[PDB]
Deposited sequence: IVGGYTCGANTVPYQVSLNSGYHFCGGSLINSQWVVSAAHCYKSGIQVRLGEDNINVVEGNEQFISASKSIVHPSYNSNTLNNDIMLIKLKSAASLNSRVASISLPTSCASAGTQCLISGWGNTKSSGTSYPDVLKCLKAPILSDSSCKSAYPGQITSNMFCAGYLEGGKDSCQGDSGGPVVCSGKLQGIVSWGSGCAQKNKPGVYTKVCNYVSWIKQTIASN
């Protein structure tokens, strides 16, 4: 997260870290046994870490649970990044104040809606600096029109832009798969962008409201 602020220990209880020997992606807990993240975060040997604040030191509120199953959306396209969504089943259910699930959306959010984006990703636009603690960012959902103007022929119906045209505030490497929560509902999954915090290049997110049916049914039959 570039241009954000320290969230505060366990103030984003649905935030998880995907660990493969180190933090490589984020994710959201939507069920005591299920996590949603990005399809490009697919990796074998994933360990999910819940109740985390400082990802570098054990603080006692953590629960490390390995994934028993990783289901990438059947129509994920690695070239176009369309349908960049994945469900991870925990080997055992998490014990749900510091660890809680986030609600799926009843409907899609509109341009202008303010959302909270969180993660342990790079905090520099020019450079590298990974935080120990979780970072937060409030960014508004942008219109489909401007999103498409920022990325000609790259935005699908399953993606939305959020951020600032001026630059300086954005998601970045290490944030992928993390939540974009608006009005208490999970509306997006951090996905991609041209660099980080660049002017006229807002971050692109997976539009969760379009997958609610697939998620609910997929969770129930696995």
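Unmodelled region (deposited sequence positions with no C-alpha coordinates, counted from 1) is 97 alone.
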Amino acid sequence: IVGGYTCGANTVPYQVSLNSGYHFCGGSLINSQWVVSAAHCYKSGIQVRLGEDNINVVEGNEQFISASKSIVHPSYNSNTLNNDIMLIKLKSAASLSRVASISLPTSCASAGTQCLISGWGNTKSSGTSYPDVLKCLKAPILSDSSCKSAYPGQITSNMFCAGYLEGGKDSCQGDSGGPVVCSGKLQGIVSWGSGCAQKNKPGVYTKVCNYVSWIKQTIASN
From here on, numbers count along this sequence of modelled residues.
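On average the C-alpha atoms of 102-110 have higher B-factors than those of the other stretch, with 70-78 and 102-110 being the two compared. In this crystal structure, the stretch out of 53-61 and 167-175 whose C-alpha atoms carry the higher mean B factor is 53-61. Between the residues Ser28, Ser44, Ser191, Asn158, it is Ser44 that shows the highest Cα B-factor in the PDB record. Note on the listed residues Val204, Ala9, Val16, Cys209: the highest Cα temperature factor in the record is that of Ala9. Sort the chain's modelled residues by C-alpha temperature factor and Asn122 lands in the lowest third, per the entry.
Among all modelled residues in its chain, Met86 ranks in the lowest third by Cα B-factor. Residue-level temperature factors show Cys136 in the middle third of its chain, judged at the C-alpha atom. Among all modelled residues in its chain, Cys196 ranks in the middle third by Cα B-factor.
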